[PDB]
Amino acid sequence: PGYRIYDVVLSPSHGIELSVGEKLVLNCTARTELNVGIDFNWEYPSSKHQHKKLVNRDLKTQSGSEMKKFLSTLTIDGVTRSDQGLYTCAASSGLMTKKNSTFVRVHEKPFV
């Protein structure tokens, strides 16, 4: 049948620690069975940003054996304090949604 989402995984998955002006780039991978389509939806702390500018616009997929991976990336070029918080990536197939989270910290010092 081939409609299962196996998991949704963030990279880095934990311990992200940034300074003001530094880049945040988060990878989200949905591993699935062969027949699945995926739509990604991100939640982030800052109300500074449109989803459209943070989330990749290109198609990022991979097929191998009887599995597929779908990649979504969130990029903030130059973080501020309001970017500290929980980032959630949800992957939806229409049948089901699976999600994963990580906490990003922003320290108040200029980036090296």
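Numbering starts at 1 and runs along the sequence shown.
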Between 30-38 and 47-55, the record assigns the higher mean Cα B factor to 47-55
Mean temperature factor over C-alpha atoms, higher-scoring stretch between 77-85 and 57-65: 57-65
Residue 102: which third of its chain by C-alpha temperature factor? middle
Sorting the chain's CA B-factors, does residue 92 end up in the lowest, middle or highest third? lowest
